[PDB]
Amino acid sequence: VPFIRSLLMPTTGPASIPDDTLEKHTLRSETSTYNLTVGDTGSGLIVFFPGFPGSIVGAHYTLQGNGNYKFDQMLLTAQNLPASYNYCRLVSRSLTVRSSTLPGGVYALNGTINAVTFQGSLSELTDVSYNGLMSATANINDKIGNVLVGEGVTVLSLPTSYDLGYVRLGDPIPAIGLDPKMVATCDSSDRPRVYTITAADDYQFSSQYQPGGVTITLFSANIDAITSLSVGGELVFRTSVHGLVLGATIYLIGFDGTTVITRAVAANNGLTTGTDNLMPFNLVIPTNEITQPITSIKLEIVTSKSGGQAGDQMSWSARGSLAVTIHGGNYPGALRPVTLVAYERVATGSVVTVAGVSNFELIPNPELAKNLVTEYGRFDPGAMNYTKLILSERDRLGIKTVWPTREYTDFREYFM
Amino acid sequence: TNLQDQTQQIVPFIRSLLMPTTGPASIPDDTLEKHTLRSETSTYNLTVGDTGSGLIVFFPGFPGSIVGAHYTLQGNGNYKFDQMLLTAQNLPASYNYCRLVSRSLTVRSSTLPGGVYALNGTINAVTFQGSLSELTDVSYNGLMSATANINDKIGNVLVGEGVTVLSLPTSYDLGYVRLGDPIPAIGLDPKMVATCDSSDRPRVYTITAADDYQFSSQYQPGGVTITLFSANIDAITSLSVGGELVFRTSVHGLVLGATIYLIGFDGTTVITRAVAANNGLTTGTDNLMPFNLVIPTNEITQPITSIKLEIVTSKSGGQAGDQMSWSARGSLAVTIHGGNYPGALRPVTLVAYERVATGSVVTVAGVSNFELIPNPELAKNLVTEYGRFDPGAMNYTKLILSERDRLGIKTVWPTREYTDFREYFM
Amino acid sequence: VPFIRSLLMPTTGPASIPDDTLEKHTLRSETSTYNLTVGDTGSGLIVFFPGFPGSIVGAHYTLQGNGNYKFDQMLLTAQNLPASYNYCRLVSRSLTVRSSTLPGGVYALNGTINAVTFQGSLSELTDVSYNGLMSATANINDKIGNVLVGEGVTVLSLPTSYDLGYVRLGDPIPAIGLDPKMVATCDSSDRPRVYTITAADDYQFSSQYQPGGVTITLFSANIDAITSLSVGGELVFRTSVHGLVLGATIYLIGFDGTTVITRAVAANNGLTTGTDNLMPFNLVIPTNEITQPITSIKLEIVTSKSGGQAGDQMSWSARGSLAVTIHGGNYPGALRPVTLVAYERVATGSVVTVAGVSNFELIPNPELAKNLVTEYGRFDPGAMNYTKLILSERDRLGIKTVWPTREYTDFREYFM
Amino acid sequence: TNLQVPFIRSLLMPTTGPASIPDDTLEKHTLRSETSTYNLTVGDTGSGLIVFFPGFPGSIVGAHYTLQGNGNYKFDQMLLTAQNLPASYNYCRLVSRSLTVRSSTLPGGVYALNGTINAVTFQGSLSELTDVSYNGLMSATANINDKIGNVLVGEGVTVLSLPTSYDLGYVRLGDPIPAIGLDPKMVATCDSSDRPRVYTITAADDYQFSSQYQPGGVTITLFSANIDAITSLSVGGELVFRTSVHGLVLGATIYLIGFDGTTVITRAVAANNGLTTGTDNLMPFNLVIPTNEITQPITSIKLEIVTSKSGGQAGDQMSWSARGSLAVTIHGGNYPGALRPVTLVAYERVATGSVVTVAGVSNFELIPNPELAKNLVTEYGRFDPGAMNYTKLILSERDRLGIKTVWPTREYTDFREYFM
């Protein structure tokens, strides 16, 4: 199989990427099939990650009668690739979302589907409404709407960059601990994404005494992460009021608005009058701690007078800047291409079928590398020129990321 | 010249590489991504001083809207910072990711003398393959020794003739690099800023600041302040300081405090920050003070050349005759976000004018070419498409740059020879 | 794509109107999709504005258990065009109303559709029921009856006028203010609509004293508003009794009877015996307080007596006339062509799907005009004469504003 | 140089003479070609800005601002047509227009000739402009044709007026009507009124102000918003006040700030307005600003409010609440050409004591006043089939043929010889 046949038809089989990265690799093709349950209202959202160089394929949210989503599950791949490999590159990936059949006591089909390929991460999108998804790209090919749910949609992953290094999968390293639930893994680390935040710039705080403390929210921003991340920096406090106790806690909010993790940074911190008081941030959040994708981050601060009753107005001022380092974030395909597929009002008690094939290039771990042979790529000259020509004339040929399924069928029949 | 020929026409990329005022193009490398082309100008009239002499530090490979910095020499030896030259529109207000196709810049004098004799002034220009603080001589005469390549320096060019700085490539197959774009965020501070920085290919400086260095002084009221080190680092953008020093003393009652100074190109302190305050030492134990410093992009106003660490040691109460003493061990790490990216810091072009006559105008005017990705607000309106395909452009560029010495293609040109070269190559 | 193909088939793609209005612009196409939930009785009313130059498509109303209606939502396009553009013209628009509920057996589910296109405004319709729609016109190509929801109806926008200039979209202007909820915009101004209501022509009032005062509704009149308006004029009150005081309030009533906006016009206005007493009117109603469209207006004067006593006489008399300016109201398409689509008794659990596409000619705001190129229109001679030739012979060719969807599909096939 | 036919010729070469616009506006008119000649004294820094209105249907051609020593602008004067057109005509259209900005010459006592020019054509008003700096003007549009950069002042530049829209009715000039009055400085004119521009401003959406007493009261600015005016205004609306403190006094004043930053027109809306507790009380805005009160183009409006109370000590505090919305109506603002295209010529570093030479020709279509209609023949325009189609073809291939709005005088001269 050539490379353009594997790129335009990912269900054919894997081909090596023809480029300058020559390395001993194996070609493996993967599958992932789901019967995910429609919620009570009938509607929800599917967040694909085309381009992700690993086993994570996407997430599932269910829209409810309040109007806010609820996380169902992370859509994964059949084989746990970090359990048996170390490095990875995505050759191609295709998905298909259809609800073409009835449940037991239902005599009619319901449902329509919108789908877009937004060219940024998931927190960058303004409208997540059913109607407002269509205004996320200006391209005719990257979006389609009012598709019947019985026909379905087909997601095709087009290349974001070539000449990419191999990316380290989240694989466990051998380790011994007294904790039985001790996990030590080697994360993805090349090409990170760093968000800087100037939290306060000599911000003055004035709020009178309340017994138990006064809790405020300093800021709230929009980060993006599926994998491990860190937080570093300092906030510097000044005061004139004797005996204050400061507590701060970092929150990492999911896409559905609920709290994923919580981390107390300062516990029982004592101010000093006439001296600047500094608290550090040293957070490392591992990969397993993160269940659903992270859309926001929030710092809230709790202040309390040390035994001052009926008075003691307790002001302070703060200055400082922190940083959030997403490990492996700017690798093209980790976060920056997203595809949202929003089905609306399917019949209750019914299922939505997601099925796909993902073609990889791997390097095995030392337990498997003694049994499995790796070769260099089976070259052929002039495959990269033909690939670049097809990608350059993509508007004329009609090649697109998001199709309806009959168009991908007769395009596949015309291409074969 | 009359600056035109912007984005809309597409150029075969060796004409766009060697003549960036013709217009933009796409790079023939394998980084295949939907993007939009863009061509943008920057026209500056400069302000000379009493001495009439100064320096313009160009970054000809910088991805983004920073193009250069300008320093004016004084009656002493010390420079003074005027402004940073930048492009027409602010690119992080509209886009997220960026590469640099080409760039060309021109430093002339638009004064047009009326008589027989011209007006005063000459120009030295060089291209240095390294950072701004790595230069040993930044004087007017000291530029001509910075490079050994004959096509990368030119001397005693008259200001009425002028100079031309053509940007030749540092590498290819580079990724798109994230602009300093503002995030959507809410907060209590009205001056709350949060951006997403350039982060790919960082640069790290590891500084073993002390290895059992001991201090001793008699007690002076207010404290005794000593400067522990000073290294030459390089930053235009976000910066981070990590590490730890550790102390062991035998004297009771000492109180320690540390402060970080980031010094610009001209000696004047850009940023002062306190990393540790009111640290109390304990006799016979080990005393641990960390560094947790994050610096945003908007606080760097000028390029930074050195970094310091002063330490103020005090004593609680304190008689006039008392001993303060301690030991220090530790090491530090300075992390320049996006330092080792080819073009972010490393190619540096310096153009020194000297003795420009009173009432003369020095003009900087050039065109930069880009490959850009819109933000979520501009992607609702602008169509992004893959680059056009023509084969053999990359081999032809490799051939021309392989025979750059015989053809005589220079990074710094006198403008007459470049105008001749354009008439020849067209 | 030519103009005569983009006018009769707006799903094809946008063209620019061939006329004597030459201006640097950029052409654009927007898609709006809405899955609608049907109320308890099963019926409702969708009111489309088929020629509206901005980005307001329609408004959903639901018929209740009594005769009343209830406002659901304003149907809109995908993106908020005033956020990014200044000026606009509409080229074409096409909308589709059917149920995507796909019955399984032999027979279908419940539900029919009436649809008319009315040449005046919305508060000029005499009867707005299901049966009373199909009387509103006399043209046989502008109304259709008993259309099944499984087949559906299709609304096409044919021109009200050509050679008309652009209209200013309600964009925000740069402004600073102390109040953080400050809105300042530049809205549609050209071709105003002015109403003159002689509210009282020497009316006379007389009543006994009551605590809180006596409230009487002076007039009530049917006006039209989707965007901003203003009210001006005066009332001259003559009285003969000491101690009187007046206070007035203007209500703006929506299409469903509900009071949208109340404004205190004058308050604590004392009357002086034997002279004129002027109560001038100065109201500006911005675009953002109007959530549902305005179809009526009231004035209610609350008279009272200072130093009141039980059983005491109070009386006055008034003259005056008022002006109501609807900004951008006589522009063609803002208010004047209105298509109504009423559905009755759709089965339980079925959704009605409003989905269509609209084509524009747009001019960006100065933040977006620095990155798009705007240019003059394409030259095609004879497109205007061919458009006139098609529209003059419309009945012989059978070109309708409301279609059955199958018959417009047949028209589309033998027009390709 | 040595200043003072079909429609396309008079559109692309406006010094050739007037013509009639071929469209469906069949009206009896006369034809007129006007000139404007200015020698503009450069400022003390040698820098400034020249604003043009290329499509303006009247005698106002532009304005001139001189860049000061502390980075600010200062209003110099207004650029005008040689003949006062409202003095003898009623209605007007603009056929075409051309300008030229140049120095090319020495002040005397100076031995060298320095300076540069950047210029853009901007498709919005002057208050809609983001940067006014010398660098940042070149960013204001994305068209290759509509902008030019780094032009030597001895060469020059040329502003060509390409059409904003056709089938435009005749707009009415600001002409005096016959009137008598007691005040000798009594004026009465009939302004441009077709296609206005409205700005609605929700000033306070339940804003609650509170501050301590000071003698004389405290003064705070409720808003300021960017607007546009060369001709008459109308400010209308309402603000409703609510207080619980007893005995307050209010004061309100509208300012209209120019482009140089100084105040142009000021009007007192409320003087000595006394509040009442538990009662909606209100001040109305009834403002008519004439054309002769406007001396420079207007960029922003603002409202400063002064509160006070009668007989207050140093301790007691005063507070109120405010809701209300007001609307500004710019008469004739959305006529195309009156405010919407702006050409901006920022010259820089011309030697001090020198002049900048503005020369131009503008063609019109006019309808006389009743004093001049007795003596001047008006008739319909000459007919030729296919001039509008050739205009549409020329503007359809504008990017190919290299027709633009602002380009240097030498390329304009080569184009003018290549076309003629």
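Residues numbered from 1 in each chain as written, not as in the entry; some residues may be left out. Chains lettered and ligands numbered in written order. Part of a larger assembly, values for the part shown. Heavy atoms only, no water.

What the entry reports as its method is cryo-EM, with 3.4 Å given for the resolution.

**Focus: the interface of chain B and chain C**
In this complex, chain B contributes nine residues to the contact, which on the side of chain C involves nine residues. In total, about 740 Å² of surface goes out of reach between chain B and chain C, with carbon and sulfur atoms giving 40% of it. Ranking the residues of chain B by area buried against chain C places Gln89(B), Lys380(B) and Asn381(B) at the top, with a combined share of 57%. Linking chain B with chain C are zero salt bridges. Here chain B and chain C share six residue pairs in polar contact between them. Here the residues of the side of chain B that touches chain C sort into three nonpolar, four polar and two charged. (Contact = heavy atoms within 4.5 Å. Buried area = accessible area lost by both parts, 1.4 Å probe. Salt bridge = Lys/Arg side-chain N within 4 Å of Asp/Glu carboxyl O. Polar contact = N/O pair within 3.5 Å; in protein donor to acceptor, adjacent residues only side chain to side chain. Nonpolar A, V, L, I, M, F, W, Y, C, P; charged D, E, K, R; others polar.)

**What to know about the sheet that holds strand β20 (residues 294-305) of chain C**
Residues and elements named next belong to chain C. Taken together, four strands build an open sheet; the order of strands is β14-β20-β17-β18 and the sheet is antiparallel. At either end of the open sheet lies a strand with only one pairing partner, and these are β14 (214-221) and β18 (259-270). Sheet twist, expressed as the average angle between the axes of neighbouring strands with direction ignored, equals 20°. Both strand β17 (residues 244-254) and β20 contribute to a ladder of seven bridges, which runs antiparallel. Bridging across to β20, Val245 finds its partner in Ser304. (Pairing = 2+ DSSP bridges. Helix = DSSP H or I, 4+ residues; strand = E, 2+ residues; numbered from the N terminus. Axes fitted to C-alpha atoms, helices over the stretch in contact; angles between N-to-C directions.)

**Description of the pairing of strand β18 (residues 298-309) of chain D**
Consecutive side chains along a regular strand alternate between the two faces of the sheet. All names here are of chain D. Of all 12 residues making up β18, 10 are buried, and the element is well covered by its neighbours. Pairing analysis gives nine bridges linking strand β13 (residues 218-229) to β18, with the strands arranged antiparallel. Residue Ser224 lies in a different strand from β18, and its bridge partner there is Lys302. Summarising the sheet, strand β15 (residues 248-258) and β18 pair through 11 bridges and their orientation is antiparallel. Residue pairing for β18: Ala252 is matched across the bridge by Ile305. (Buried < 20%, exposed > 50% of the residue type's maximum accessible area, 1.4 Å probe, protein only.)

**Re the pairing of β20(C)**
All names here are of chain C. Of all 12 residues making up β20, nine are buried, and the element is well covered by its neighbours. Across six bridges, β14 lies against β20 in antiparallel orientation. Bridge pairing in β20 links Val214 to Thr303.

**A word on the nonpolar core**
Where a protein is soluble and globular, its nonpolar side chains tend to be buried together. Counting residues in hydrophobic clusters, the biggest one holds 75 residues, and the most contacted among them are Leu229(A), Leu299(A), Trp316(A), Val324(A) and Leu340(A). At six residues, strand β12 (residues 193-205) of chain A tops the list of elements feeding residues into this core. Residue contacts for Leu299(A): discarding those within four places in its chain leaves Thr217(A), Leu218(A), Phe219(A), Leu235(A), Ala248(A), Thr249(A), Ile250(A) and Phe281(A). One finds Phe49(C), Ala199(C), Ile285(C) and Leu322(C) within the second-largest nonpolar core, a separate group that totals 64 residues. (Core = buried A, V, L, I, M, F, W, Y, C linked by side-chain atoms within 4.5 Å.)

**Regarding helix α4 (residues 405-415) of chain A**
Residues and elements named next belong to chain A. For α4, every residue scored as buried is listed here: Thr405, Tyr408 and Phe411. Along the axis of α4, the buried residues cluster in a sector spanning 125°; they form a single face. Opposite the buried face of α4, at more than 90 degrees from it, the exposed residues are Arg406, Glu413 and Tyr414. The inward-facing, buried residues of α4 abut α1 (3-8), β8 (153-156), α3 (394-397) and β22 (402-404). (Arc of directions from axis to C-beta.)

**Quick word on the side chain of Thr329(D)**
Take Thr329(D): it is sitting in strand β19 (residues 317-330). If sequence neighbours within four positions are ignored, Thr329(D) has contacts with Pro196(D), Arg197(D), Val198(D), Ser232(D), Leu233(D) and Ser234(D).

**Description of the interface of chain C and chain D**
Chain C puts 52 residues into the contact, and the matching count from chain D is 60 residues. Buried surface at the junction of chain C and chain D, summed over both partners, amounts to about 4800 Å²; 51% is from carbon and sulfur atoms. Applying the counting criterion to the chain C and chain D interface returns three salt bridges. We note a salt bridge from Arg168(C) to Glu128(D), for which the minimum N-O separation is 3.1 Å. Contributions of two or more residues to the side of chain C that touches chain D are made by β5 (85-99), β11 (175-177), β12 (183-187), β18 and β19 (281-285) of chain C.

**Re the environment of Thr72(B)**
All names here are of chain B. One can find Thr72 in strand β3 (residues 66-73). Distance from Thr72 to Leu345, taken between C-alpha atoms, is 22 Å for residues 273 residues apart in sequence. Sequence-distant contacts of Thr72, that is, excluding residues within four places in its chain, are made with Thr47, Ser53, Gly54, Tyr79, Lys80 and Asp82.

**Re the pattern of salt bridges**
Tallied over the full model, the rule gives 38 salt bridges over all chains. Across the pair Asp171(A) and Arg168(A) runs a salt bridge whose closest N-O atoms are separated by 2.8 Å. Judged by relative accessible area, which is 2%, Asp171(A) ranks as buried. Taking the shortest distance from any N to any O, the salt bridge between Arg398(D) and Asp146(D) comes out at 3.9 Å. Here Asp146(D) lies in the loop between β6 (116-122) and β7 (147-152) and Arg398(D) lies in helix α3 (residues 398-401), a separation of 252 residues in the sequence. Residues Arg398(D) and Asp146(D) agree in their burial class; the two are buried. In this structure, a network of salt bridges that share partners links the residues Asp201(A), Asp202(A), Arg319(A) and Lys191(B).

**Here we look at the packing of aromatic side chains**
In the structure shown here, the tally under the stated rule is 41 aromatic pairs over all chains. Where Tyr61(C) meets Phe255(C), the ring centres are 5.0 Å apart and the plane angle is 50°; that geometry is what we call tilted. Placement of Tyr61(C) in strand β3 (residues 56-63) and of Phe255(C) in the loop between β17 and β18 is noted, with a sequence separation of 194 residues between them. Judged by relative accessible area, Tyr61(C) falls into the buried class, the value being 1%. Owing to a relative accessible area of 14%, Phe255(C) belongs among the buried residues under this scheme. An aromatic cluster of three or more residues is present, and its members are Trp403(C), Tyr408(C), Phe411(C), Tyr414(C) and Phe415(C). Of note, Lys400(A) hangs over the ring of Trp403(A), and the distance from its end group to the ring centre comes to 4.7 Å. (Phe/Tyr/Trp six-rings, centres within 6.5 Å; stacked < 30°, edge-to-face > 60°. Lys NZ or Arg CZ within 6 Å of the ring centre and 35° of its normal.)

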